[PDB]
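Undergrad:
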Amino acid sequence: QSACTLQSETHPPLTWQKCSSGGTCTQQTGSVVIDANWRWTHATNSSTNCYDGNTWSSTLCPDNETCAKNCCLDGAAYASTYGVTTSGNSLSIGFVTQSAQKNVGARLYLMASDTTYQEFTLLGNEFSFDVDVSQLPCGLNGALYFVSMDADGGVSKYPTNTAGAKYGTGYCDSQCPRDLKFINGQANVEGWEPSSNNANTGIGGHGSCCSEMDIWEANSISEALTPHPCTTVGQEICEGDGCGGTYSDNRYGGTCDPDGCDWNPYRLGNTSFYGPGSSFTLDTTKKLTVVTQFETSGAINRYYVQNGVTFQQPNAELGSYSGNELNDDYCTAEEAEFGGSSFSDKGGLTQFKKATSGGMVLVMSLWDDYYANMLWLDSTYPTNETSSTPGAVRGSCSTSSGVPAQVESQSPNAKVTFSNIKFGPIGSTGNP
Ligand SMILES: *[C@@H]1O[C@H](CO)[C@@H](O)[C@H](O)[C@H]1NC(C)=O
Ligand SMILES: *[C@@H]1O[C@H](CO)[C@@H](O)[C@H](O)[C@H]1NC(C)=O
Ligand SMILES: *[C@@H]1O[C@H](CO)[C@@H](O)[C@H](O)[C@H]1NC(C)=O
Ligand SMILES: [Gd+3]
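Counting from 1, one number per residue, gives the positions in the sequence shown under the deposited numbering.
1. Measure the CB-CB distance between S20 and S428 and report whether it falls below 8 Å.
2. Determine the extent of the beta strand (DSSP E) in which residue 433 is found, giving its start and end residues.
3. Going by DSSP in three states, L144 sits in which element: helix, strand or coil?
4. Examine ligand 4 and report whether any of its heavy atoms sits within less than 7 Å of the Cβ of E295.
5. Sort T15, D378, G94 and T284 by Cα distance to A106 and report the nearest one.
6. From which residue to which residue does the beta strand (DSSP E) around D132 run?
7. Tell me which residues share the same chain as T97 and place their Cβ nearer than 7 Å to its Cβ, disregarding the 5 neighbours each side in the sequence.
8. Going by DSSP, name the residue or residues bridged to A372.
9. Below 7 Å, is the gap between the Cβ of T281 and the nearest heavy atom of ligand 6?
10. Give the range of the beta strand (DSSP E) segment to which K354 is assigned.
11. Express the C-alpha separation of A3 and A163 in angstroms, rounding to a whole number.
12. Relative to the C-alpha of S220, which candidate in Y274, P404 and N413 has its C-alpha closest?
13. Can you give me the C-alpha to C-alpha distance between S387 and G254, rounded to a whole angstrom?
14. Does the Cβ of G88 have 16 or more other Cβ atoms within 10 Å, making it buried, or fewer, making it exposed?
15. Just the C-alpha distance for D132 and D345, rounded to the nearest angstrom, thanks.
16. Is the Cβ-Cβ distance between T85 and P12 less than 8 Å?
17. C230 to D150, Cα distance in whole Å?
18. Please state if the CB of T160 and the CB of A77 are separated by a distance shorter than 8 Å.
19. Short of 6 Å in beta carbon distance, which residues of its chain neighbour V33, apart from the five on each side in sequence? Order them along the chain.
20. Given 7 Å as the limit, tell me if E385 has its C-beta closer than that to any heavy atom belonging to ligand 3.
21. Under the three-state reduction of DSSP, which class applies to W38: helix, strand or coil?
22. Where do the N-terminal and C-terminal ends of the alpha helix (DSSP H) with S113 fall, by residue?
23. When the Cα atoms are used, what is the spatial distance from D378 to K157?
24. Give a yes or no on contact between the region 245-262 and the region 181-197, applying the rule of three or more CB pairs nearer than 8 Å.
25. Which residue or residues does DSSP assign as beta-bridge partners of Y381?
26. Closest to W38 by CA distance: which of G359, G30 and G53 is it?
27. Would you identify the three-state DSSP class for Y78, choosing helix, strand or coil?
28. On a CA-only basis, which of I237, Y304 and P404 is nearest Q293? Give me that one, please.
29. Measure the CB-CB distance between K166 and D114 and report whether it falls below 8 Å.
30. Counting only runs that start and end within the region 209-252, where is the beta strand (DSSP E) found for 3 or more residues in a row?
31. Measuring straight from C-alpha to C-alpha, what distance separates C50 and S208?
32. Give me, in chain order, the residues of the same chain whose beta-carbon lies closer than 6 Å to that of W367; leave out the 5 immediate sequence neighbours on both sides.
33. Flag this pair as touching only if the region 359-366 and the region 182-190 have three or more C-beta atom pairs under 8 Å; answer yes or no.
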């Protein structure tokens, strides 16, 4: 697709800190851009919609190539349409915003320039941020994560995409998402199946796969840390059912690991570690600092800070594993005790180190879950199991509280605020 300018595109600014092993941090001035799927897609020379509700125009978009020639992405009114604001080093993402249409959440990328995403090399480095999850009930996910996207949004590889990173093109993740309207500079109208439960979304014939480091998927009840390897490290189109992920009949049927090697303290039996109020170690009614280190072995270390008090990731005992580091032993013990083979079949922490040794793009988002109702994060899951099934209980939420119709009507002013991003060598993000 191309870009149109019926609405001007002004990327909300966002500062962050780049830290050095020399004992200092220096402020960077970046900006954020909303993903192209959230934008108005219309004809290049009129206000006629290419996509509206959850169907495409038959005349403008008869096939994937024709649609991309005929259609453009427009600008975003960040605050009034999407409930997205920034304030210095802080980014606020709102949940439901009713304007002319219903908007639900947003997915945003950190930019390095008007036309490029900021790339981070995570291996041997650490990433720190602060987060307020107090306004995120059961069913929501305020996510901060990294994906192996191209820095330019795909423009150099797929020159039929001229909108680029300036308009939030190029998304991929370990779910091989098929709900994307544009992939590889073509539309995704071929095979488009409107969602029966969502008047604004559907599933197309193609998807967009890549490695995903979920630093933070969380709400006020539960939080999880999860690397997802893929057999191709970076962005790759997939076809139909071959995609696997959330949007295919068989989630395990593709090139990416949709489950990952996850560490959720509640799931591991530490049920007083993270939650709302004074009975929890980390009180989710207040802002929290989350620090994540990518050790050179491929292991991942985690600690937290709240009200000036530091807490390491709590220890877990799982089978023969005892410790508090997300490492090979943990991920092996997790598959043994809880089940699954997708993480190890996709190459585990060794294949994952290929992603973190390269560049990844920072993503911040808020979403509800029309497919699994976030029960994997904060409830008992899978829902054919019981509390006695090892690893089934991940939080205290009810089965039905994360149904989108419920959370969108009950908690429309839910929101997440991410702030004070700092990045640098291991041990450097506490620097002034
Ligand atoms: C708008 O652009 C299309 C090509 O995408 C062109 O075929 C169409 O006729 C144009 N509209 C006019 C001339 O009104
Ligand atoms: C949970 O973690 C905290 C570590 O901050 C600790 O004080 C508490 O003993 C742990 N509870 C468990 C392992 O059940
Ligand atoms: C739950 O369903 C999964 C697959 O959908 C199956 O592997 C498992 O055996 C089922 N367990 C029970 C207890 O029904
Ligand atoms: Gd260590």
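Where a beta carbon is used, it is the ideal one built from N, C-alpha and C, also for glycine.
TA: Quick look at the numbers:
1. yes
2. Since the first and last residues shown for the chain are 1 and 432, residue 433 lies out of range.
3. strand
4. yes
5. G94
6. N125 to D132
7. Cβ within range, chain order: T81, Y82, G83 and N103.
8. Per DSSP, none; premise fails for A372.
9. Judged by which ligands are present, ligand 6 is missing from the structure shown, whose ligands are ligand 1, ligand 2, ligand 3 and ligand 4.
10. Run containing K354: none in the beta strand (DSSP E); it sits in the alpha helix (DSSP H), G348 to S357.
11. 5 Å
12. Nearest in C-alpha terms to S220, of all of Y274, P404 and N413, is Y274.
13. Cα-Cα distance, rounded: 29 Å.
14. exposed
15. 35 Å
16. yes
17. 16 Å
18. Not in contact: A77 and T160 (Cβ atoms no closer than 8 Å).
19. Scanning its chain for C-beta atoms nearer than 6 Å, with the 5 sequence neighbours on each side dropped, one finds around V33 the residues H11, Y109, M111 and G168, in chain order.
20. yes
21. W38 falls in the helix class under three-state DSSP.
22. No alpha helix (DSSP H) holds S113; the beta strand (DSSP E) holding it covers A106 to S113.
23. 39 Å
24. Fewer than three beta-carbon pairs drawn from the region 245-262 and the region 181-197 are found closer than 8 Å, and the two stretches are therefore not classed as touching.
25. According to DSSP, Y381 bridges with nothing at all.
26. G53
27. helix
28. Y304
29. yes
30. 212-218, 223-228 and 236-239
31. 21 Å
32. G105 and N141
33. A contact between stretches requires three or more CB pairs, one per stretch, nearer than 8 Å, and the region 359-366 fails this requirement with the region 182-190.
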